[PDB]
Amino acid sequence: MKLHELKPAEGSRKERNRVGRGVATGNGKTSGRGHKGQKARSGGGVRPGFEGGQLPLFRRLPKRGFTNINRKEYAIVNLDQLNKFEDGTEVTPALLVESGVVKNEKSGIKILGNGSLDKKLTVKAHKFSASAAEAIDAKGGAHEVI
Amino acid sequence: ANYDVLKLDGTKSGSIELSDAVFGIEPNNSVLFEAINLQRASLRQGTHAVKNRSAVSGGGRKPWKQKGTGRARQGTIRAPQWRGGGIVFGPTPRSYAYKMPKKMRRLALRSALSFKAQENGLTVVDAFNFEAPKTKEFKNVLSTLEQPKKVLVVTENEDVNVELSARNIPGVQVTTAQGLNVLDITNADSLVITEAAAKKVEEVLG
Amino acid sequence: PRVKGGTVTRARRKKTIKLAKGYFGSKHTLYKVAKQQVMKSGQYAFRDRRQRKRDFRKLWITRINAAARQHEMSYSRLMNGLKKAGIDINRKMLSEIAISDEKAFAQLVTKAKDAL
Amino acid sequence: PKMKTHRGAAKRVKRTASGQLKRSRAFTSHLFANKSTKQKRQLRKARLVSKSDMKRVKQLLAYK
RNA sequence: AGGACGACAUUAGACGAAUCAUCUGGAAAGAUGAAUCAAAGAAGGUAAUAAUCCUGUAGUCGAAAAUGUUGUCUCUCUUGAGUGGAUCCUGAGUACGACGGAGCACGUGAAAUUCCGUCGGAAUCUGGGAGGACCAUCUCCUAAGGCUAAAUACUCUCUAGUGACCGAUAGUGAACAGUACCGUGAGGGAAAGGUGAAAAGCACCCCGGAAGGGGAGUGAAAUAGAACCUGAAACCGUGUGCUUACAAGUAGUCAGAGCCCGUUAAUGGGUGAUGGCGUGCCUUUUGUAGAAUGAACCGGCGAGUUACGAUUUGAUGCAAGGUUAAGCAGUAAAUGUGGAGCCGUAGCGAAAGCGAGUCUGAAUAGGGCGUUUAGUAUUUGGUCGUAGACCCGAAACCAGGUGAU
RNA sequence: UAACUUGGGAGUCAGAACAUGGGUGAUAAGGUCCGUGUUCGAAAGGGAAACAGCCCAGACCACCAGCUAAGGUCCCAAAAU
RNA sequence: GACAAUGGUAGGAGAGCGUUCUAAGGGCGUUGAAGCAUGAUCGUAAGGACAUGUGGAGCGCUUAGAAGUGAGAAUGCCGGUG
Ligand SMILES: [Mg+2]
């Protein structure tokens, strides 16, 4: 483009609505607010969740439960994200990270079995599910809980 | 991807191979528009202000009684409808800059450079050799290899004598391979880049 | 930047003032009353462009009625007979004929009489 | 500034896999003699926040 | 503590390249033609718009004197280790406790932790304190003495600059002022810019007591003459083309003779004998010609904005991935670097937990929520939240002062 | 020729007369409270002298064309003395 | 091209006119810019030109950007004049 012939992508820009600027716009005198009341006043909205005095919803339902501050949570790796490795490889937490399969390892890796393996590997992680460990030791190769 | 390498006189030297990943893509105009809009919005210092009700001098007391005088009810001599003062919603000091993902910044540079190379706006030269700054000498160089009036000169690293010789010519701008921006490239009619600078551009952007 | 009101208000008001040329007193001088009068006159003109078409048709029928009584007919029966004869002349043409050419109107009346 | 969560609401609901909010039931916790056994058994299952209520109270829980 | 010799920086300054002619004009920098300088084509002046006319600019040079830093000498001070380890020393009305309070995000509570008032009141290395009541074991530390730069906050000022900031009802209250003026006092608080390039600011004559004026003269221009650039509207007059003294009106509109003119030249313009129809505008209302509200008239000014979050839609980049924040470098840019962090690729459950399932349940029953892929970053528009949050308006409340002329 | 589902943005919560089925009142009210239609509200045009709510009818803009609705045809004032 | 639709208050949706400033391009101006005054001109509307008089130095056009962006009413504020 030249600097005197700029055009934006079609559909990307749009002009803002200006209210209270005459009758023909459609938003003139009362500016879209209707007639008198609490909602037509400056700074006049009522609080979100307020129901006019009827008991609000989040005070007639009971509280429930607690939160455990020592909760653990694992980085999940399913069984079909291991098909981008070659046979014989030693899949280790240091390798899943650099390979971009795990961004953040929270409490350690945990292997789950959701796809199909179709590879022969030796995997070493923190936790396995029954199906995952079973499916790894079906094409050969083993697993080692570290 | 072949480009002639001229000398400071219009005679030809060897050719050169510039990558088609940098020079030679299909220029994206949406990203160019957004990049130009971004760069130019980041140049303004929004230093402007007005005084509202609170900041105008004086105006503490009530002008007259609420009832009984036959006049309109007023609260202060600095309300907005008074000639005294008090602005309602004017300008306030703020910044206008914003940001784009960096994959888009590189795409904008690549599409601005390739547009010059498809309009025959790119000229590669072997070397600039200026021992002392002399504008009359640079003018003749620019006229020998016929250039338009708006030219952007690009060197590999900062060259004190070349940059100091093209400084007072109207329409000429000098920069470095790493100081390339979308506003300078699209404002120019032609690029005059050296061989080393072209190789350096070909890698950082590739 | 600041946009001060300049020259657009005066030009807009002066157009409306000029449209009120010939009105009585301050109705051709001051903007507010002039604008009200120009609005009202636009509304009147709209309403009257449609009453013109009723007024002139009412005039033609009066003239045809007067011309038909001179041949011992009323407008009612003359139009009935002309329709039964198939003649398709306007009420506007039927009264210009009766004004300018009396013999032609007489011949029309005889045909209207024979179709009854 | 950031928007603030409604803490009393955060202690009472949780978000499901789609955008729904799972909730608990009122008329528990007291006076169980005036109920039949079917009533007591069925007050034990959880429900969802209705769509007409979501419209009102939705910015209250945006960070949950 | 105090001497020496230096080096920078302030506080005045100096030098600093390159143009002529004709036309229009009161005047040229403009137009036309032919030249020149540039490490200087920033800017301001000059009788209109100048890189080459002036002040300057890029660049380079400069201090008798006084300050401020900063070096190198001088100067002035001064030994440093190892083994024994439990013989001696190691901060007392202290630490703690009870009662009444306060501060810690925390409302005295499972309140640990930290301070104040009143009373009580320890131990001594096999010691003492903390790790959210308390006990035991472990782990970390060693109170009741003191000093300490840098990274951080602010601007009445000084120096050099900048602006998709205002342009005389704006911008400071104030371009000429905390002054006129008002009030016993504390205190409140204005209005008011522009001759011309140059004063060349009208010699002299006439009417007039003067003020004002008509000529003459200056000037490109005096309807630029000091109440001085331009000079709108309300409002006040003078002269005229058409019309009006038997007529009942929201003052127009549609039809239409007669009389007068002649245009952005087109089935033109001004006036109007006479006929038809016709109860202003705004707000607020079930409903207003309303005898319901508001406006004497004209001019200026005068009301959904911005920052940071949330959500949804459009656009664009990349895609099982997407993206950086502060910081550092850079011209107060683009950009480069920076992967702490954030969202997504997996859910269910109060939780331990299990996982394409999971919870409930004795149940491999039934049911709830899920699975059988598309996200993410920036930005335009709509709406919401926190902020005065579309604008103007109370009676009142509290704090600190001023008054018994 | 619509209906339903999901999402963005609303305004409304003072109603009135007429016809008809009812309560209340006194088989009073241009009264008051409900059911069922229509019109006004937010609807100009023609008729009902004038007259939001009654009768006929729903205005995109020209025209000095024609046919009809309600209501009308001695003069005011169009059409049958 | 045939056919159909086009009254409207709270209110939803769309497309535009004009004002001040900035960027790039291209122009006009002492042989007279902006402003002001008059006219019998053009466009579906907001609005845009041209000619003449006054005025005496600045101002349009195209594409894009940004807003102190439009007044007839507030017993509105200030000035002037009935
Ligand atoms: Mg007068």
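Worth knowing before you read on, the calculation uses all heavy atoms, side chains too, and leaves out hydrogens, waters and symmetry mates. Letters A, B, ... are given to chains in the order of the sequence lines, protein chains preceding strands, and every chain is numbered from 1.
In terms of phosphate contacts, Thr16(D) brings a side-chain nitrogen or oxygen within less than 4.0 Å of OP1 or OP2 of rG370(E). The side chain of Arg94(B) contributes no N or O atom lying less than 4.0 Å from OP1 or OP2 of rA66(G). For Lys99(B), no side-chain nitrogen or oxygen approaches OP1 or OP2 of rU379(E) to under 4.0 Å. Residue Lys35(C) places no side-chain N or O under 4.0 Å from the OP1 or OP2 atom of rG280(E). Contact annotation: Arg77(C) side-chain N/O to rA80(F) OP1/OP2 distance is not under 4.0 Å. Checking the phosphate oxygens (OP1, OP2) of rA296(E), no side-chain nitrogen or oxygen of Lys32(C) falls inside 4.0 Å. Here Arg71(A) reaches the OP1 or OP2 of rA352(E): one of its side-chain N or O atoms lies under 4.0 Å away.
Remark: the separation of the P atoms in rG68(G) and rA307(E) is 11 Å, to the nearest Å. Nucleotides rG30(F) and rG15(F) have their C1' atoms positioned 16 Å apart, rounded to a whole Å.
Each of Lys150(B) and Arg10(C) lies near RNA chain G, and the nucleotide nearest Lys150(B) is the one positioned closer to the 5' end. Comparing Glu15(A) and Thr7(C) by the nucleotide of RNA chain G that holds the closest heavy atom to each, the one mapping nearer the 5' end is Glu15(A).
Following rounding to the nearest Å, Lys14(A) (NZ) and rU316(E) (P) show an atom-to-atom distance of 16 Å. In this entry the distance linking NZ of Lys106(A) with P of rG341(E) reads 12 Å, nearest Å. One can place CD of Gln36(C) at 11 Å from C1' of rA73(G), the figure rounded to the nearest angstrom.
Taking the side chain of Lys58(D) as heavy atoms from C-beta on, and the options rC61(F), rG8(F), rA24(G), the nearest nucleotide is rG8(F). Residue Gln39(B) has its side chain nearest to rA334(E) when only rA334(E), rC61(F), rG304(E) are considered. Ranking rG65(G), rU324(E), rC64(F) by closeness to the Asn37(B) side chain, first place goes to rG65(G). Residue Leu43(B) has its side chain nearest to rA333(E) when only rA333(E), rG72(G), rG278(E) are considered.
Base pairing of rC36(G): its partner is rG53(G), meeting the Watson-Crick or G-U wobble criterion (both donor-acceptor distances under 3.5 Å). Within the shown strands, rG31(F) is the pairing partner of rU24(F) under the Watson-Crick or G-U definition, both distances less than 3.5 Å. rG366(E) is paired with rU360(E) under the Watson-Crick or G-U wobble criterion, all donor-acceptor distances under 3.5 Å.
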- [ ] May I have the step-by-step check of side chain to side chain donor-acceptor pair (under 3.5 Å) for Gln45(B) and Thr47(B), ending in yes or no?
- [x] CA-CA 6 Å; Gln45(B) 47 166 104; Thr47(B) 47; 2.9 Å; yes
Task: salt bridge (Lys or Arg N to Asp or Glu O under 4.0 Å) between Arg13(A) and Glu34(B), intermediate numbers included - done: CA-CA 11 Å; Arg13(A) 297 299 177 107; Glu34(B) 288 294 320; 3.4 Å; yes
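Just one residue in the list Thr186(B), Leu180(B), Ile185(B), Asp184(B) forms a side chain to side chain contact (heavy atoms under 4.5 Å, CB included) with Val182(B), and that residue is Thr186(B).
Groove assignment (side chain, cut-off 5.0 Å) for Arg83(B): minor groove.
For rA62(F), the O4'-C1' to base torsion is within 90° of 0; the nucleotide is therefore syn. Nucleotide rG339(E) is shown with a syn base, its glycosidic torsion being within 90° of 0.
With respect to the salt-bridge test (charged N to carboxylate O, under 4.0 angstrom), the residues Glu137(B) and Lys139(B) do not qualify.
With centres under 5.5 Å and a plane angle under 30°, the ring of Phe89(B) is stacked against the base of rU305(E). By the 5.5 angstrom centroid cut-off and the 30-degree plane limit, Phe56(C) is classified as stacked against the base of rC64(F).
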